[PDB]
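**Student:** sequence first, structure after; it's an experimental one.
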There are 2 protein chains.
Amino acid sequence: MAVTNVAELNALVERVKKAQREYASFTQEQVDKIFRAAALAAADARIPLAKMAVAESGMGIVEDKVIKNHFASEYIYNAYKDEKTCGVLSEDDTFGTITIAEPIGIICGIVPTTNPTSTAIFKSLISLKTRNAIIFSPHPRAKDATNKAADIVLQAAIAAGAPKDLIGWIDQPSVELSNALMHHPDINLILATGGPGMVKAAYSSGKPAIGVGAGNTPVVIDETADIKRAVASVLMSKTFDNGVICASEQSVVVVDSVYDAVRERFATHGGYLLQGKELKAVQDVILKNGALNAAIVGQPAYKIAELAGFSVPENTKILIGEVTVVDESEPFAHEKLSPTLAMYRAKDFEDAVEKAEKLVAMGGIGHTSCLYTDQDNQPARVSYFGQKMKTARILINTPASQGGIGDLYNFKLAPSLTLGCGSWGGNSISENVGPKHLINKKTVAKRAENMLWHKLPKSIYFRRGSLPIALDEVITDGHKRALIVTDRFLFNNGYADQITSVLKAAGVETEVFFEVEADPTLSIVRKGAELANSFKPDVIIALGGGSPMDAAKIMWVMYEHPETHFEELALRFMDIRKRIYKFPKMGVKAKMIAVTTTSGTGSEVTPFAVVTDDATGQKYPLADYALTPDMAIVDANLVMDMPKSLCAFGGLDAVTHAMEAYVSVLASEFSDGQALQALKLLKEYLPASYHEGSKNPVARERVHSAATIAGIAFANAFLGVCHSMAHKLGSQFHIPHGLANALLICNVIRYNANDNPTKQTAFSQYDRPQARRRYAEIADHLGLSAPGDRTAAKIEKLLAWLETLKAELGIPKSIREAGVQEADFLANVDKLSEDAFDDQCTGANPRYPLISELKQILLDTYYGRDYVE
Amino acid sequence: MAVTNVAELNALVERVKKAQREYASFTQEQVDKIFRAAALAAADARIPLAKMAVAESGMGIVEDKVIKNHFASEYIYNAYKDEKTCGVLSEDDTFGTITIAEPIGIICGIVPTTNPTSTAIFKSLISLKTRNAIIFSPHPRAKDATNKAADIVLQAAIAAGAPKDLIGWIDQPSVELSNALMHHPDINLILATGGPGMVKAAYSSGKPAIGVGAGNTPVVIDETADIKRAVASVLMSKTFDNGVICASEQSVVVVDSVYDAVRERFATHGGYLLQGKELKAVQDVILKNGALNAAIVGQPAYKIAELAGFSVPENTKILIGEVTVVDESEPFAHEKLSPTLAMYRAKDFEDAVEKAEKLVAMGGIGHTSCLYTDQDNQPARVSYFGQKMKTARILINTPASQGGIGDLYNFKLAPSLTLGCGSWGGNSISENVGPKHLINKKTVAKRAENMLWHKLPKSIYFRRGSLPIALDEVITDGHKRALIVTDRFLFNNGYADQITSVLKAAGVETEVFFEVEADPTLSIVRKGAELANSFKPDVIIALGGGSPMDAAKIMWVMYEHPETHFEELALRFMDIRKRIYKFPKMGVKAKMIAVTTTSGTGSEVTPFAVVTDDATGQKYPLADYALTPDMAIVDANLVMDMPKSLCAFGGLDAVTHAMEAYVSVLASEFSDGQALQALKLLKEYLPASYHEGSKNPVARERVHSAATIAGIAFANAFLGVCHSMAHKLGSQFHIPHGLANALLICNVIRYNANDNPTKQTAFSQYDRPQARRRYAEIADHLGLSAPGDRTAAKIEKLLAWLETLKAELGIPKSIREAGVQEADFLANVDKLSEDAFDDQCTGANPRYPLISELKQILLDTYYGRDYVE
Ligand SMILES: NC(=O)c1ccc[n+]([C@@H]2O[C@H](COP(=O)([O-])OP(=O)(O)OC[C@H]3O[C@@H](n4cnc5c(N)ncnc54)[C@H](O)[C@@H]3O)[C@@H](O)[C@H]2O)c1
Ligand SMILES: NC(=O)c1ccc[n+]([C@@H]2O[C@H](COP(=O)([O-])OP(=O)(O)OC[C@H]3O[C@@H](n4cnc5c(N)ncnc54)[C@H](O)[C@@H]3O)[C@@H](O)[C@H]2O)c1
Ligand SMILES: NC(=O)c1ccc[n+]([C@@H]2O[C@H](COP(=O)([O-])OP(=O)(O)OC[C@H]3O[C@@H](n4cnc5c(N)ncnc54)[C@H](O)[C@@H]3O)[C@@H](O)[C@H]2O)c1
Ligand SMILES: NC(=O)c1ccc[n+]([C@@H]2O[C@H](COP(=O)([O-])OP(=O)(O)OC[C@H]3O[C@@H](n4cnc5c(N)ncnc54)[C@H](O)[C@@H]3O)[C@@H](O)[C@H]2O)c1
Ligand SMILES: [Fe+3]
Ligand SMILES: [Fe+3]
């Protein structure tokens, strides 16, 4: 039963550990009942413990401890009784979160002599609500009391449905014993108290800790304060337990304006101002051996002077010494737990808090500070006192001894002894301790599918003869200044009068910018914003496709936000809503209506805008749904006179826009029927549009509509990896986009079409690799294989249809065959296989390629081979 | 610039410390901008660091680190960018709370080799948002990378409005150096990572810590799971960085129902089942010297077998060994950071989680666990997996490697590396680390006045001839069974037919209980509830006063809640809403209409109900507003035949009911005008009612109304200390209440009437002692002293009026004169001076008496003296 040896300890802990494991399986009602019985047993025993605390400690006063043994039970209960601390605290079912709050284990309670019983009723009683255990290592001066404070708690818990040794205490303490308890393995936490050396040794143990320092507690009394209650509260805080209590106001800092008044008001109401010889004698007994006399602590005032060598009335509550030094040389400013007090003299407020912060900074860093002022009309002072004072508790118009243990003067403050002083003091709690610190929360995280979107430009218009019907719809009914962006071949050949012809004839002012060439550079973009910033357009228009529709919707940026650094605008990301350079909201200065005369790109719908740096020459595909065209237009009358090449490269980038959008990882049921309806039109009408041309406008139109439909697909289901390398392959060699996508898709399919790949994209919605299947759902949709095929022929037949399609469009079989030299390829292939993996298009490819696996399907194309793996 | 010495460290830290102090004074915009620049600089450098991390670490794979260096910047930013962490977080102005969130200081970042760069971009970047600093102590294998990961962060912050050495790193690390950094004083925290030994030495330093262990991560696959994604996600988690990443699924636990299926599905998709000789050879290289081979970590699978002595395809993602042992003897179950994996065989779910909990309990206690099942239709399994598994993260249908660092598969989970494992593991964080852990919150607590009340029984009726008018008002219009409580003198003398006369004549069933005598005991109460529980009344009535009206409203308790233990019902409290035994809501079975024939008590309004234990004989005044009479009645026709004594003792307890209610600490402006209007009527009409009696019914009525008015006062403004001793003085000697209150009030006034008292009640509303003034506002209200008196004569004149009043009512001058013997007083005076301080009435007396100060004004009354102090 008794504990004065190191083995008795190692036995106790075990018969305790085994209580917890039996106590942890308890419910809320089975412990809500243990919590009351232990709190009553502690309240009804408020007087005796307070007697047993003075007989043994030699300090304190009875009637002021009784407020503590009682506060530590009633004011603890009213607060932590309804705190759900057993199981599920919260359950957000929209998400998949649940907080379950298992306990922590067992604890070591390091008790002081200052508050031996309250600090025990407080920990004992709070460690039962969290379904924990605890073991006390008390102070020799108060071992009999704080251990009689737990038996009065335990013997009332076991009587309420608890085990019989859940709690434990050391009877004959030491260092060899505590240091053997704090370092015990079956312990799981340390709940300490007692100032420096204590916390310096709690954390240093090896276990966690909620140790708690302590020290000075400056209090400031400004001109705009109620010097009456400022003083009573100063005395009601020192004399309370004779200041032995922590946080008590060891030092006031008054401003000259009201010093004399305060000086007297302290005198009349039991204040002896240490004027001369008395003072020195008093600041000589305080500090013994660099520390405060361990015999003066908690003792009444008149009992101070006797040790000093003088005498004062027995009714004196306090001993005040008017001083100026605010450093360590003055022992009259350290953490004297006596009723003594230091009275400083300051010019104004700012001069005080500068002085307070200086003497909290010496012994009481982080603990608490106080202020007395107009709590309602001087909120800036407050704001200036909280932002300047490095204390975890700033107590405005409250006494510290009864506001730091806070449920009396202020609510919303966690009632507690064991007041955290923040890392400033050497403890990482920063708050009044409670049961939510003795607790191991834990979070079950159900798989949540990542949110998706089908976002387009409103006002898509599509048929032959749709320009004037559209401009005169939403543009002219509205804006007044336009900026048509296009290329020369369209400005020269009357593709841009057909649009000004309509704006003119109404009130509008046009200005065309036609210095855009294939693969636009950032130099052309600036030059376009440099113009937009002069013409100040109310709207922006973009013709052709790709180069214009990619230079314009970015010129739309530099016009509304010229501070945009392309280096940050083209930063590769991992998710498009968790973007690190969130695009600015740009639809205010001007809109970005878009027209297209080129089939494939589909840029008229999608956020993508491919441009190159003009310094490194790397195409930086940059993406955000803020640069959607805002009323795209797609008229098939601007395509019927296209050459045979641009038709192929276009309609053949659209194929690889849907192919790697039906198979992508962001694919959905919204973007999977459009991709197919595109891929089914590019099969019935694409060859015709190449051979026949304008002679079959029915086909030249569908292809134009399809290539846009893919946009609806790959605007939401981003591209795959064929573009991540086609952008680089089409830059280091100036190969066109569509021609590059054609020389890879018949070797990229068979890359992604492995159900046992080396990697995978880590997308929640992506259960497992479906690409091999997601590619056969294509063939069966086109009509390649009806009868019961292996799912591997449906692919061979998909490729075959491509090699057949790439044949009857003049597409070469390889790059070598496309105007590239093995000497210039092998050299800068490792460079653009890395710069491909670092593209934003590849973050959606189902297989998450390895640099060592793009290089291979990048050589196998130069030599017209097949990636076999 | 460089750091390979212990002094270079002590210099670095200083030029860092001085950055913080300059960085702490920064605003939100001045740091919201530092946070971006550092996150971009880290994202754009996602590839190289991943290269620099493999060249130097020898482990990992490039394309999987890049997801980390990028997650640690983008997914960190999107989450902690809007987190207010600079100043005021919250401001509840109704209360007086403000959370200001000063920073913590500077930090030591202990980095592993597993995640050298991400763990640096994560800490570096999160320590800038909290306006902190940090210093890294990296792993020798990865010193060049994680230090190149901070310069890429710092040099981008200083370029955004920051100092030039805010961050720091060690180039040539050691133990002598870290151990000298962790123990450095100017440090304020430790942000560690690296498993056991690390955290065992972080906390052991002397500073706080958020160190983070690590270990096994069981994953359970039940019958009702999607074995397809269960597997892909198992591989997508191991092969990811080659399992080197923490939290990865080191062990699966499948149930027989689907084991064979899972066994194959693992095989087809890159799973080599270690069947025979291969297995042993494989579980022989894992653990070297009791620990795992530090060369196998992060290495690919096929590179495992080579060390084992066999070979497998290069495309194998994983190495699986079907085993049964679940203890330490099997090294195939420890925290192997390799792509290896253990496959266990279980009968059913419960048999698995019992097995998982056993192998998390060995090396990975607290870190995280996983489960694959129907996340929607099997919520009990979930509930059973979270309540049973001691892990801070339970991952349902998510892969661990990409769900523990959680913003991808589940949201609402704090994205973080540095995953806390809870005290189970040896760290008191219990949660994924973030910036709110690197932060010192602090709470300004403005003085809030404690809420008060003016709560009475509705339906107070008062005039001559008010019984029948009242009973036939709300009782008969309603209830049907009554229980009149009274004493014999009223039952005998027809005071109780006057009330049944009216109930009868209507449909009601009466039963009278008249075994109540003065100073009722708990035996009489039970005997009354023992009756009420038989008659089952719909209403309760109480006549006379005190004894009945105090035994009935408690018999009202035992009737509606017979489980009430008087020991808890009479427990002294510190506040009446923070009560530790909250009374039950008792107005459902029966009401408690009350009548009174005795003036003083005023119990017909107030919650008080004085009764004695009958064992110790101590009057336990118990109080709660739940036992208010619910339609009190006060008719003056039941008093006009009272004797001369009861008139005095009554009207003279009412005096001390208002006197110590206008001066009390809970006094308010609601209860201060009633107290006076009582105290002004007991002065004009009390003497008359004594001498004349029924001959002056005008006076006999007012006194009856006044004595009730005081009830309105001291029901809300509790009594003082005259009752806390009159209850004991009237019990140890059976002196009547009013006679005791009269022999003390003319010595208690001059007790509370000291403006420099020894103590004070600690009530916020009580600025300072006003009693000396609050007693003179009385005299001036009665008419004792009009002309400009000293405020000390107004008291002498108040007392004089009392000694004069106590004279013309036959009240003796002292107790000695009242039938008490010095031999029996001096003996049991120390006993009832303590049992007075332990009364609930004294908790409202302005002076908070000392036991040594009640004894004195308790002897000074025996000898008819004056308390002088
Ligand atoms: N912040 C609070 O809530 C609070 C409450 C009470 C007291 N205090 C502070 O406590 C201090 C006074 O308490 P004291 O009078 O107990 O001084 P103290 O705490 O030095 O007394 C020593 C206590 O700490 C233990 N202790 C000391 N050094 C130790 C070590 N190296 N290893 C293990 N245990 C060790 C002893 O066993 C004993 O319990 C004052 O500074 C006061 O402000 C603070
Ligand atoms: N997601 C996207 O939005 C996305 C994806 C990939 C590539 N791109 C961009 O698309 C570009 C492709 O360029 P494109 O194929 O869009 O058009 P393009 O701008 O390459 O035009 C190429 C040539 O075709 C000419 N041309 C355009 N329309 C014509 C017409 N109707 N009649 C005759 N000649 C015409 C142009 O004048 C130019 O000389 C790529 O280079 C890249 O910048 C965008
Ligand atoms: N939970 C997480 O956030 C997380 C993430 C990744 C890895 N991990 C864990 O980290 C560990 C990785 O292995 P490691 O690379 O940590 O090897 P290791 O465990 O030897 O780490 C040693 C580290 O300890 C540091 N150190 C400083 N003072 C020390 C002292 N007094 N004693 C010992 N070490 C001291 C060294 O500088 C070195 O960096 C594994 O346990 C892994 O699970 C955890
Ligand atoms: N809850 C409160 O409001 C409150 C406050 C202070 C004290 N008290 C308690 O009230 C009790 C006092 O009871 P009381 O003194 O009010 O009366 P009492 O209950 O002592 O009994 C008074 C006696 O006087 C006689 N009596 C009563 N009414 C009479 C009448 N109308 N005519 C003739 N004789 C009559 C009866 O014999 C009766 O027993 C004490 O226990 C005291 O502690 C209550
Ligand atoms: Fe394309
Ligand atoms: Fe009374």
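**Tutor:** It's in. Numbers count the residues shown, from 1 in each chain, chains lettered A, B, ... in the order given. Ligands and ions are numbered 1, 2, ... in the order given.
**Student:** would you confirm that residue A:333 contacts residue A:342?
**Tutor:** Yes. Assessed by CB atoms under 8 Å, residue A:333 is found in contact with residue A:342 at 5.3 Å. All C-beta atoms are positioned from the backbone trio N, CA, C, and that covers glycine.
**Student:** anything in contact with each of the two?
**Tutor:** Common neighbours of residue A:333 and residue A:342 (criterion: CB atoms under 8 Å, 6 or more residues apart in numbering or on different chains): A:250, A:251, A:323.
**Student:** looking at the residues you listed, which has the most residues close by?
**Tutor:** residue A:251 (29 neighbours; other CB atoms under 10 Å in any protein chain shown).
**Student:** list the beta-bridge partners for that residue.
**Tutor:** Note on residue A:251: beta-bridge partners by DSSP bridges are residue A:218, residue A:342.
**Student:** and the closest residue to ligand 2 within chain A, how close does it get to residue A:518?
**Tutor:** Of all residues in chain A, residue A:546 sits closest to ligand 2, with a separation of 2.1 Å (CB to the nearest ligand atom). Distance of residue A:546 to residue A:518, computed by CB to CB, to the nearest Å: 8 Å.
**Student:** what's the answer for residue A:210, then?
**Tutor:** Using CB to CB, we find residue A:210 at a distance of 67 Å from residue A:518.
**Student:** and if you look at residue A:820?
**Tutor:** The separation that residue A:820 has from residue A:518, given CB to CB, amounts to 17 Å.
**Student:** kindly report the same for residue A:321.
**Tutor:** Shown here: residue A:321 relative to residue A:518, a distance of 87 Å by CB to CB.
**Student:** same check, this time on residue A:381
**Tutor:** 67 Å.
**Student:** okay, the two: which has more neighbours?
**Tutor:** Legend: neighbour count by other CB under 10 Å for residue A:381 and residue A:518, higher for residue A:381 (21 against 12).
**Student:** near chain B at all, stretch A:760-774?
**Tutor:** Yes. Interface with chain B: stretch A:760-774 contributes A:760, A:762, A:764, A:767, A:768, A:769 (CB under 8 Å from any CB of the partner chain).
**Student:** then that stretch to CSV, C-alphas only?
**Tutor:** Output for stretch A:760-774, consisting of C-alpha atoms alone and laid out as CSV, is shown next (Å, rounded to 0.1, in the frame of the first residue of the first chain):
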residue,chain,number,x,y,z
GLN,A,760,-0.5,5.0,-61.2
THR,A,761,-1.7,8.5,-60.8
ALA,A,762,-3.2,8.4,-57.3
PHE,A,763,-6.6,9.7,-58.0
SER,A,764,-9.4,8.6,-55.6
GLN,A,765,-11.9,8.3,-58.4
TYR,A,766,-9.5,6.1,-60.2
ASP,A,767,-10.0,2.7,-58.5
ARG,A,768,-7.6,0.9,-60.7
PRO,A,769,-6.2,0.9,-64.3
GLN,A,770,-9.1,0.8,-66.7
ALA,A,771,-7.3,2.2,-69.7
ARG,A,772,-7.0,-1.2,-71.5
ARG,A,773,-10.7,-1.4,-71.0
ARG,A,774,-11.4,2.3,-71.5
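**Student:** which residues are in contact with it?
**Tutor:** Defining contact as CB under 8 Å, 6+ apart, one finds that stretch A:760-774 is touched by A:447-450, A:452, A:662-663, A:665-668, A:752-757, A:791-792, A:795, A:843-848, B:67, B:226, B:228-229, B:231-232, B:235-236, B:240, B:398-399, B:402, B:408-409.
**Student:** what residues does stretch A:222-229 touch?
**Tutor:** The contact list for stretch A:222-229, computed with CB under 8 Å, 6+ apart, reads A:221, A:255, A:257-258, A:261-262, A:265, A:349, A:352, A:371-374, A:377-378, A:381, A:397, B:767-768.
**Student:** which of these fall in strands?
**Tutor:** Of the positions in those, A:221, A:255, A:371, A:372 sit in strands, assigned by DSSP state E.
**Student:** nearest to residue B:143 among the residues you listed?
**Tutor:** Within these, the smallest distance to residue B:143 is 48.6 Å, found for residue A:371 (CB to CB).
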